[PDB]
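Structure, as structure tokens:
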Amino acid sequence: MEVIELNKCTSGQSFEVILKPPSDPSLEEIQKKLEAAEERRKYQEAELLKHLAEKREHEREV
Amino acid sequence: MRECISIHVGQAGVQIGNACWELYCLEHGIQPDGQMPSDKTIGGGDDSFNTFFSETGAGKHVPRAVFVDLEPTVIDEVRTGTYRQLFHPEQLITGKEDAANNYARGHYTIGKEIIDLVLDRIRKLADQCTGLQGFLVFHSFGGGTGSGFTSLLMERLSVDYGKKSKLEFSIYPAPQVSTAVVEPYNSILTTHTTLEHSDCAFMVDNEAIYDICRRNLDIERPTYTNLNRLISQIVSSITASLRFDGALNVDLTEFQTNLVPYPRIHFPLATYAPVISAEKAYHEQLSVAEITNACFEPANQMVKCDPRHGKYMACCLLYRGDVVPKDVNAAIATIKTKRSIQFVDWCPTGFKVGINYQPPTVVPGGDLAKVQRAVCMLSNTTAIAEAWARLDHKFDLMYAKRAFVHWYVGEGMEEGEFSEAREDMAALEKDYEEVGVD
Amino acid sequence: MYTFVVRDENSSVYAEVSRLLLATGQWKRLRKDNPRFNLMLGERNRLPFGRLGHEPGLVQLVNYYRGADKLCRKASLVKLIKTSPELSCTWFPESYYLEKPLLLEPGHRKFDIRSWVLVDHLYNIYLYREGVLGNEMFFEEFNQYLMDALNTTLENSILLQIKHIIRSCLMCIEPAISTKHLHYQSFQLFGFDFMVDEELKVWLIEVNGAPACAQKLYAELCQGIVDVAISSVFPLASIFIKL
Amino acid sequence: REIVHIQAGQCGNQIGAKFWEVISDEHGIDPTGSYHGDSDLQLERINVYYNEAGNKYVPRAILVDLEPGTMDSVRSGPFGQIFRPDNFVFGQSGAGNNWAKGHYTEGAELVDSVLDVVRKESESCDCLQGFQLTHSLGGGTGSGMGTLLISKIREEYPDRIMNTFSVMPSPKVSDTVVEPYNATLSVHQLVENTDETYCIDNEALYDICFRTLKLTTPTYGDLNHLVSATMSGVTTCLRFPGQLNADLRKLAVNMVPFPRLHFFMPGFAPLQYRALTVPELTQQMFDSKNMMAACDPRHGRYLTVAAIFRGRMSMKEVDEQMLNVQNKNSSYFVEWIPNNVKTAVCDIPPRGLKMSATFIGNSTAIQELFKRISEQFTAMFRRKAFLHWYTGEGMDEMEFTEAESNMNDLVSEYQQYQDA
Ligand SMILES: Nc1nc2c(ncn2[C@@H]2O[C@H](COP(=O)(O)OP(=O)(O)OP(=O)(O)O)[C@@H](O)[C@H]2O)c(=O)[nH]1
Ligand SMILES: Nc1nc2c(ncn2[C@@H]2O[C@H](COP(=O)(O)OP(=O)(O)O)[C@@H](O)[C@H]2O)c(=O)[nH]1
Ligand SMILES: O=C1c2ccccc2CCC[C@@H]1Cc1c[nH]c2cc(Cl)ccc12
Ligand SMILES: [Ca+2]
Ligand SMILES: [Ca+2]
Ligand SMILES: [Mg+2]
Ligand SMILES: [Mg+2]
Ligand SMILES: [Mg+2]
């Protein structure tokens, strides 16, 4: 069990004790994905206003 | 000297950040109004505490911190709390409405509208730094802001500071304090998206700290203040070496060099002793041997799991108080004969030790008794994978029926990002099993 | 009223433990994958030990010891004895055939002994009084033979060595599998297989982590399990000797 | 986090008035709109339901009817002058217990005027959560026009939360035979255009009043008293500060794993000078007798549950009793939504009680209620009986076959998860 690299100072000490040795995506791509999601939203919202407009027409027809 | 910037994201991140900067001030002697009598270099410095504080011409000491919540109620209490004068208004950032426990609402919908402002306020701190080392990020896995906005901030920080180190402090979700049935979902998403962008991450399971507050502080129903004051002690030990003179873990590159041989396997388990109640009428002070031993008891770890059934890749002892190297190696020698402690072959069985003679500081009137010596162990066991399996299994239960997915899709996510995030986690569990078992 | 699940459907022993548990009117069985249980009778393999002990307000108990396979897989056992200091040992064959065994007469017949060992959550070691040599000879018989044929008893000639070998294996791995301070607890039933030589010396062959019993004993011993391993942890409204 | 309250029709306005009486007494507001309470928890989230005035407080409430009778009653009742007079919106001809008159003719003439008050209340909201509607499904105004409003509001405010307290008809306590028609038409709307619906069955309200409160002839006022207590308890977390920020979107995210299965069973305890022990609250809360939807929760499985305890009690005992009842009844919670039972606590109890509990459950037993409605509908619709009241307002049989079909689908979807 060997001690090593002992360092002292007024605040304390540090050392290493051994017991045995051994045997990125770019800003453009983020932008793309962050906007392919917004498109998917706006599509879903646009489907909603479409179904709602049909309901207005049925309301009128009745 | 080299500066460090802390970023607190979400409710968990912010409130835990309160507890840490409070503890820091008490430790460096900085009073709530930003003054630090013992700093004689008025208005500047490159002392070790200056890694976490800048200084004003008026002698104010200013946290190199950025707080960020998608909703204002929490960062407001800081704006009007005991430490208001501490922060520049522009370090506290809030939006209007939160992510409603929804990763996708924090990442895609509501996050995309405040990211550039947050990066701008962070840049304003990076320009005040002669040689910035990197960032410490505090967040929950489970909240919608905590997971989704953070993973977006972590993607852009890699881009804007490719050369900088990023450490995490991550609150892992516990049902006996939790907030949402969807936290396993948020948890996996934000791990998948932040993995490549993190150098080292310390997981604090709310279950572990909750049981510690009850068993060891005799608190029947622990609060966020209880939990967070105990969490701040553990973070303070981990960061003491950035704010104090010493030779172990002096910069953020040393955490990953000393604790992370494998990039993906960068989640070291933390264990802390001793936790003693302030209202324990009679308390016998524990010894170097007794507290180093408690470091191998699961009931003291930040994550419950059984290190006896895994392999070690690195072990780091960090003492605070009345400790000298000789008591430490007589404790290790004893423990080595009584405990199963197996390292991986390609790595040396051994310990890195660090001692700071100042004993731990306690918030006056808190729940932690003052002690004469304490220790925090940081070890990289494959045992921590037990926590990924728990979380991945809860994710498999809900996602097998697509429960709650429609809340994510309806914010713009595709269902594939779920199975992509879960296949990444399935590989991560496979890595751990490689390193760990025969 | 306690709760328990069953995840090894074809285990003779715990099939009888489940059945006797219901009959108390104080346990109900849930479905394999329902996590809100007191007691897991678990798979033989890949048992998920990492998910036990994380259910608030549930004391959880499982009928296996994580790590015990170190004793029950031949290659591992051998590595264990050769390598563990607590074992050096004189009762385990040279390993990397016992050409002179003891023979029952009349028949010049070979045999091996199976002993049943329950280890509870406190790590008490319980040896079942009834061992077995349908080509099955039990302990009352075997004792009388030894007295008549050799002028000795089963206790003195064989059982001392057996209780010694059981103690030594299980105290060896104790600090590696003990659940004393864990967040879930373990018990486990073992089966030890011995052979005796002409010199009346006992040897260890294998340790079985999922043993079956012998028919006429599937009842005394299954009740002894509920009494010592289960109801000890989940009280309600001796056949073992402690080692 | 402001909430816009809307109440429609006879039932919707009578129950809505009781609700504003109850919570106004909780928040210390008198019938004049002046606060006279003794705590600031009463005022910390007061803005969620009240606008500020001589800084008086006025409910963010819109009162809607196709005839004047019930709203004159509200305006003449205890807290009647508390409401903003611009916010009474009404016609004169009524809707004749007729869904079509509410949705297509009489109500179509009046809806835009309601949406002008909705728009006024919304635009001056700092951060609008969404809308809460009180109405019955068995008549014409609250049912037909109520669901028309919900469709107009989703179009103008597609990103706010829509929440209803919906009273479901019942042959026991019944105004007309066409209730099953009106209700089936309305459930089709509600399945698509709300986020959360509190299903309140008048049958359960009657049984509770008879078989438990020991009232031999319950009035509608005794029935609404139960609805008022439940509305108060179901909104406690929105109106008082808790260790959790409770808001309508977080409730929906955590309560609704599939978008159409958002119909919740409410419950209350207690339904007296001895306060209840926390064990009793927990027993009663989950008792079918205490639940307001007339479904046997033991005939299905809880997908999600939310419980709120009101009063000063042992949070430790609370958790201990919640964990007990789950592990005593796990055959009734789905195992594929981990940790699907949430618990809140609030120190301020409701008037006249030191301990109360409110239960919100998303159980697949709710299908019994939609089956009951579907059976009463098919019984008439297969002889096309009473249909001329609707074909005379412009509707075709097709729209009926469609709503019959969409609600039998709902029953299939609920049955799909009770066996998964
Ligand atoms: N330890 C600890 N955990 C917390 C704290 N606050 C919240 N949590 C936990 O964090 C998870 C929820 O995350 P929050 O931080 O509340 O979420 P958030 O980021 O604000 O997200 P939104 O509010 O959804 O925008 C749950 O597991 C909570 O138990 C805290 O102060 N300390
Ligand atoms: N609980 C309750 N139910 C009511 C009340 N008034 C009417 N109902 C029920 O409401 C349904 C139809 O009533 P109503 O609301 O009067 O019709 P509207 O005016 O056309 O909306 C029937 O199912 C009635 O039983 C009430 O005050 N309380
Ligand atoms: O905001 C809320 C709310 C809103 C109105 C009335 C009562 C409540 C209860 C308090 C909590 C919920 C939100 C919620 C967070 N996590 C959960 C888990 C489950 Cl199973 C169910 C719900 C929630
Ligand atoms: Ca200085
Ligand atoms: Ca007209
Ligand atoms: Mg938040
Ligand atoms: Mg054999
Ligand atoms: Mg009526």
Side-chain angles (χ1 to χ4, degrees), chain B residues 11 15 69-74 95-105 109-110 142-144 173-186 207 210 214 219-225 227 390-391 393-411, chain D residues 1-2 44-45 125-130 158-161 195 241-262 303-306 313-320 322-323 326 333-345 362 413 416-417 420:
Chain B
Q11 178 177 297
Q15 294 194 143
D69 207 357
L70 294 185
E71 183 280 335
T73 50
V74 176
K96 197 188 61 158
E97 60 177 331
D98 71 46
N101 294 336
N102 194 336
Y103 173 92
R105 192 164 176 89
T109 309
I110 289 174
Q176 52 270 88
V177 308
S178 93
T179 308
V181 258
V182 294
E183 309 209 15
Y185 276 177
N186 299 334
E207 163 192 274
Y210 181 92
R214 283 211 294 163
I219 302 187
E220 259 174 44
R221 189 66 178 165
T223 84
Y224 279 158
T225 306
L227 308 179
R390 295 161 53 214
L391 196 64
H393 174 79
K394 288 177 172 187
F395 175 110
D396 292 345
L397 281 166
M398 300 193 105
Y399 188 77
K401 324 236 179 309
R402 298 301 187 275
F404 299 100
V405 178
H406 73 269
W407 292 112
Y408 296 77
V409 187
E411 295 290 17
Chain D
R1 285 359 278 284
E2 296 97 332
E44 189 176 306
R45 319 204 63 189
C125 278
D126 163 31
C127 188
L128 167 75
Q129 289 188 60
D159 54 345
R160 305 306 155 108
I161 292 295
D195 304 295
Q243 179 159 332
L244 215 179
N245 237 34
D247 68 54
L248 297 161
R249 186 169 283 108
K250 279 183 197 157
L251 180 64
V253 167
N254 289 288
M255 287 295 293
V256 183
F258 308 109
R260 324 205 311 142
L261 315 184
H262 54 269
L303 308 173
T304 58
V305 186
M313 65 200 85
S314 156
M315 294 197 54
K316 183 180 93 74
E317 205 183 357
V318 160
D319 284 323
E320 302 190 334
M322 293 302 299
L323 293 175
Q326 309 196 37
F333 300 79
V334 293
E335 83 264 23
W336 38 271
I337 308 190
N339 309 130
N340 50 336
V341 185
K342 169 88 164 192
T343 305
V345 184
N362 188 349
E413 296 150 29
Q416 166 197 17
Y417 297 107

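We name chains A, B, ... by the order of the sequence lines, and we start the count at 1 in each one. Keep in mind that the numbers below use all heavy atoms, side chains included, and drop hydrogens, waters and symmetry copies.
The shortest side-chain heavy-atom distance between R105(B) and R249(D) falls under the 4.5 Å cut-off. Put simply, the side chain of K250(D) reaches to within 4.5 Å of the side chain of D98(B), judged on heavy atoms. Under the 4.5 Å side-chain criterion, counting only non-hydrogen atoms from C-beta, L397(B) is in contact with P338(D).
Only the side chain of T304(D) comes within contact range of chain B, with at least one heavy atom under 4.5 Å from a heavy atom of that chain. Residue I337(D) touches chain B through both its backbone and its side chain, counting heavy-atom pairs closer than 4.5 Å. Residue contact with chain D, scored on non-hydrogen atoms closer than 4.5 Å, is absent for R214(B). Of the two parts of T223(B), neither the backbone nor the side chain holds a non-hydrogen atom closer than 4.5 Å to a non-hydrogen atom of chain D.
Between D126(D) and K96(B) the shortest heavy-atom distance is O-CD, 4.2 Å. Across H406(B) and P259(D), no two heavy atoms sit closer than the pair ND1-CD, 3.5 Å.
The line from OG1 of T179(B) to CD of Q243(D) is 8.5 Å long, rounded to the nearest 0.5 Å. The line from CD of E97(B) to CD of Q129(D) is 10.0 Å long, rounded to the nearest 0.5 Å. Remark: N102(B) CG to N254(D) CG distance equals 10.0 Å, nearest 0.5 Å. Rounding to the nearest 0.5 Å gives a distance of 10.0 Å between CD of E220(B) and CD of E317(D). The CD atom of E183(B) sits 9.5 Å away from the CG atom of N339(D) when rounded to the nearest 0.5 Å.
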In sequence, state the C-alpha distance, the side-chain angles, and the governing distance for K401(B) and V334(D), and then conclude on side chain to side chain contact (heavy atoms under 4.5 Å, CB included).
CA-CA 12 Å; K401(B) 324 236 179 309; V334(D) 293; over 6 Å; no
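Comparing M255(D), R1(D), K342(D) by heavy-atom pairs within less than 4.5 Å of chain B, the highest count is held by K342(D).
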